[PDB]
Structure formats: structure tokens, C-alpha cells
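Starting off, we have a lone chain in the form deposited in one PDB entry, written out as C-alpha cells.
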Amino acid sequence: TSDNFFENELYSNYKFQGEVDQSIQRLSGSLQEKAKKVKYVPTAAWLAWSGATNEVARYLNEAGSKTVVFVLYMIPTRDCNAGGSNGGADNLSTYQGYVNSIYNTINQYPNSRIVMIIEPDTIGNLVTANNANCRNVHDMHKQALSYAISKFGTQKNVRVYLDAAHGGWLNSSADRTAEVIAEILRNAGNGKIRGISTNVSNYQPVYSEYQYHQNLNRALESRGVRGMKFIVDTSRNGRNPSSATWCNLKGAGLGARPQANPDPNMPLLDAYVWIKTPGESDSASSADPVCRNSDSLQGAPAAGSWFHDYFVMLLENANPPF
């Protein structure tokens, strides 16, 4: 009945549970006691490779009436220089195949309550990345996002949040961000979004994120996109970030636990949500220059892999404390 699906018990999933089990087995006493409390904190499930189409059903079977939070992260290319040939065969079509599969599976669970978060990092780059090369990729990314919203955004058992980066990236560009978003919604058919997600995989404070939500909302209203609500990723934002370094930031902490309507002074904010999986690596330390910054925790395994020493740091730095 409520359109804020976070006003429901949230699903805690077996993958996260198993990843924290990994850390727990490596810890003793007090730290281990704190890990056992982090094990059951609900975290989003990412759909992040071709076979994740086959992972949906098990999550929905195990969640029952509890709210499932998925992150759609399947756009087949994020990198420019296509550039051909020419420069895709054929990304949009294959993406539409992934979305249909996932939507078709979701229609089978009418009684589930699903939150779908659409494609982190895409809107940021559409606003700020410069696109001689990328123009072909840019156009395909907008069509990917419209197609995803046009499907999930008509499912009664789903509430869709479109990702829109973070204040640190787009608060000084809120108007162009709103312009981009409105264009995508215009081509999304009858698909409707509940709102916008921010701070995914990033470490900005709730308070500055909410000032971003206020500015983006004002700009979205100006473009005729009214009524939007917001969720913010509190997985790693217990401590203010020392720098703009994205990749396995040192001195991060776990942030506020997932909670619906957490402050009546932030009426636009539907929920704090752990969207990024805390303790999974951002990238291997050798995979990007940013991962060699002096404030990026070295020794990281590949993106998505459990990073035990980073998880420990998050637990130690948790704000509020476990």
C-alpha cells in the first residue's frame, strides 16, 4: 500500500551473510562480535554481470514478503572510444535482453516488494564526461536508461530509483543533471520512478547529500519532474571523506544502518540504504591510477571481491558504533 517500500522489513541476503561469515571466521573477541551484528544488516543485491539474470529468482524466493533491493548494473559498455565497430554490436539489444529477462522473472512474484536502482555512475558521466569519443556510448546509455525505466517502472511490485551520482560530483551541475534526467523520463514510455539514488559506492555525508537532493529536486521540478523522493547509500559514509578518492578510501566507516523515513526534517528522503556492499573491493589496487592514491587502501583484490582488511576498517570506523 505505501509507495515507500523501505517501510517494510528489509531482506537480508545469503551472499552478504556469507561474505561477512568470511570475516567473522578471521576475527576473535570484540571485533568478531561486531562483525556478527553487521552480518544481518540488509544490503542491496547487485545485478552486475550477464548471468545475474539467473540470480534474481533465488533472491526473491528467499526474501518472501521482505523488501528486496536490486542494483541494475548491466549496461554492456561504460568505456568510450567506440569508435566502432561501429562502435557497438550490439549493446543496446543485448541490454534490452537482460532487462526483459529480469522483468519477466519479476512478473512471476506479484507479491514481492522490489526496489530497483538503475545503473550507478551512468548519469554522472552523461553530465560531466566529454564525449567526442563517448558520444555514441552516451546516446546508447540514455536509451538504455529509458528502456530500463520503461519496463521496471510499470511493474506494480517494483519501485524504481534512478541513480544520480553524488553531491561531490553533480551538486555544482544540478540543472544539467535535471535536464538529462527529464530527457530520459520523456522516452521511458509509461514507466515511472519513485525517485533518485545518490552516494552509491561513495562516502559523502548524509547532511551534504541531502543539500544535494534539495538542489537536484528544485532543478527536476523546474524541468517538470515533480514529486521525486531520494535514497542515499550509507554503507561507507560514517566518516567525512578526506579527499575525492573513489577507490577503497582509507578512513571510511560504516554509516547509519538502513532505515525508512529516518529524519522528519528530511522529508524528501525515503531511506538510508546500504547500496554499495561494504567490504567488497572497488577495484584492484593495480587496475586504476586512483587506486594508487596515497589515501586508497592498498592490497585490494578485484572489484566486487571481498576485501577483509577494508571491511575491518569500516567496522572499526563505524558511525554510529556497533
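Residues that one form lacks are left out of the comparison. Note that residue numbering follows the sequence shown and begins at 1. Under this definition, the rigid core comprises the largest set of C-alpha atoms superposing within 1.5 Å between the forms.
**Student:** Can you let me know which of the two, 237-245 or 146-154, has the higher average C-alpha B-factor in the entry?
**Tutor:** Going by the record's values, the stretch with the higher mean is 237-245.
**Student:** On mean C-alpha B-factor from the PDB entry, just flag whether 251-259 or 283-291 is the higher one.
**Tutor:** In the deposited entry, the stretch with the higher C-alpha B-factor mean is 283-291.
**Student:** Can you pull the Cα B-factors for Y161, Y109, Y98, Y73 from the entry and say which is highest?
**Tutor:** Top of the list by C-alpha B-factor: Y109.
**Student:** Between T177, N133, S197, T122, let me know which has the highest C-alpha B-factor in the entry?
**Tutor:** Going by the entry's C-alpha B-factors, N133 comes out highest.
**Student:** Which third of the chain does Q17 land in by C-alpha B-factor: lowest, middle or highest?
**Tutor:** CA B-factor rank for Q17: middle third.
**Student:** Among the chain's modelled residues, which third holds the C-alpha B-factor of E209?
**Tutor:** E209: CA B-factor falls in the lowest third of its chain.
**Student:** Per the entry's values, where does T43 land by CA temperature factor relative to the rest of its chain, in the lowest, middle or highest third?
**Tutor:** Answer is lowest: the recorded C-alpha B-factor places it there.
**Student:** Within this chain's modelled residues, let me know which third the CA B factor of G51 belongs to: lowest, middle or highest.
**Tutor:** CA B-factor rank for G51: middle third.
**Student:** Ranked by Cα temperature factor within the chain, is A188 in the lowest third, the middle third or the highest third?
**Tutor:** Middle third.
Note that the form deposited in another entry isn't included here; everything after this is about it.
**Student:** Of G84, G224, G97, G227, which one has a Cα that moves 2 Å or more between the shown form and the other one once the core is lined up?
**Tutor:** Single residue meeting the criterion: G84.
**Student:** Comparing against this form, do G88 and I75 have their CA atoms pulled together or pushed apart in the other entry? The difference is 3 Å or more.
**Tutor:** Between the C-alphas of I75 and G88, the gap narrows in the other entry (3 Å or more compared with this form).
**Student:** Out of closer and farther, which fits the Cα atoms of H138 and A82 in the other entry compared with this form, where the change is 3 Å or more?
**Tutor:** So the answer is farther.
**Student:** Please list the stretches that shift between the shown form and the other one, defined as three or more consecutive residues with CA displacements of 2 Å or more after core superposition.
**Tutor:** Run shifting 2 Å or more: just 81-90.
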